[PDB]
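A single chain, nothing else alongside it, follows as structure tokens in the form deposited in one PDB entry.
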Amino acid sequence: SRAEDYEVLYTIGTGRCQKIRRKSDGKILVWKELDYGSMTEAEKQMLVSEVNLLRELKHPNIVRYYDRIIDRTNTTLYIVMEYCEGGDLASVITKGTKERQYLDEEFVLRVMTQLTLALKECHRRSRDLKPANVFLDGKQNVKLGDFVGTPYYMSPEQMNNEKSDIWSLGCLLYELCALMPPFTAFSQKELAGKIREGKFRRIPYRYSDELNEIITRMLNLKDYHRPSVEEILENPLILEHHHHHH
């Protein structure tokens, strides 16, 4: 695997994320460009570990890693992976916010189902749940990727556990429905205050009582009252078509 095996089409974001084309079969992919020139041997060893871990993750709802390419000349490491043509959930939400248009319940259910399964897989093996780390492919599939900011999704436990991940999922699904997170504040201390009270607005009325109910359960103050991944997926809301399809 050499860089010359691929051709950069253009830069998606900025190290650098680029949409690329594999020359042999024309397959569309992306790579993440990492300049390791300024790294110590220690940090490079830490980098080697991380990349090996990504190679082991095979799941329909986790962004698929394909390859790693070393360019010793430019001291650049390339991580090759699947392309998610639908971009990230952050952009979907800001888009709904600016166009004043709520997302379909069907879409929210797809995200709930598919991220819950990604989470289930993560818990098996041993990756923050936030809109910017959730990607959409071209087939309605949902995939989990990998100081200044306010920690909107921090659970009550953390500010003091797999149920903690359930809280964060609740926050993400809440924000998808309401187009704002369940707890907002100008500082972290004000934020922490709101989280401890555990009160928030119901998601918009266009969304079913059943969907409101499960999101609300995920946001319970007590970790042990939050549903497990198993209890989530048992929900009558969740159907075959909400799962991944090739």
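The first residue of the shown sequence is 1; numbering continues from there. Definition used throughout: the rigid core is the maximal C-alpha set that superposes within 1.5 Å between two forms.
Form deposited in another entry: not shown, discussed below.
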Rigid core superposed, CA of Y153 - does it shift 2 Å or more between the shown form and the other one?
yes
With both forms fit on the core, is the shift of the CA atom of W31 between the shown form and the other one 2 Å or larger?
yes
Superposed on the rigid core, does the Cα of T76 end up 2 angstroms or more away between the shown form and the other one?
yes
